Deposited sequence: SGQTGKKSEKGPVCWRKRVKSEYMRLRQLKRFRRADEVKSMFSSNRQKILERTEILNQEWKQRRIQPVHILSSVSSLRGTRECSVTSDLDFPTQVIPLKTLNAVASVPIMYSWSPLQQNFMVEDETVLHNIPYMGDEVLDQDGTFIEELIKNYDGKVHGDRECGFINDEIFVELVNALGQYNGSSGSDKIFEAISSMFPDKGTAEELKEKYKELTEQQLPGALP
């Protein structure tokens, strides 16, 4: 009756407590065998570190930065180095059942952009300054057009140089 139901609780609590003791003993040996592996493997890593001799980081010298401290220590100010921007690569992709499809100087022009990248005054000064090297005279205008295509093609820049020098 009620007495058997109490021994069921009794014997069940005992059987589970035993199996708790059984597994507790297991994880203790799992932890102890495991630390031996950590001990030897970290020693391998450490013995490799004692071979290397890596150089120490130094503070070796208009934007700055500051770090403040709650304690006796003074405010520290050092210059803020700006990390070079990462280049976005202009990927273009074409798909058809048949096929698929896919320097320094021009970023020089873009970022200190305050005509088409070069004005008439500097363009004429440029043509004149290049006449020293060399009998084509066309190779000059083809090169200026190559690097400054926004101002015109080779034959266009030749016409404009003559316009501006009259």
| item | value |
| --- | --- |
| Non-modelled portions of the deposited polymer sequence, in sequence order | 1-11, 73-79, 121-142, 155-162, 183-184, 217-224 |
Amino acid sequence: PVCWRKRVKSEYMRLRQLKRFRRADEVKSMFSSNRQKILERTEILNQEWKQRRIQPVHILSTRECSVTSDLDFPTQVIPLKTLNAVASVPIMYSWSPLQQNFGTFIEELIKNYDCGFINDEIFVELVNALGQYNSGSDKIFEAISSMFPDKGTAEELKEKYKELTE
From here on, numbers count along this sequence of modelled residues.
| query | finding |
| --- | --- |
| Higher-B stretch (mean Cα B-factor, as the entry records it), 29-37 or 103-111 | 103-111 |
| Segment of higher mean CA temperature factor, 63-71 or 50-58 | 50-58 |
| Third assignment of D120 from its chain's C-alpha B-factors | middle |
| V86 CA temperature factor, ranked by third within the chain | highest |
| Third of the chain, ranked by Cα B-factor, where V8 sits | lowest |
| Chain third (lowest, middle, highest) by recorded CA B-factor, residue given as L98 | highest |
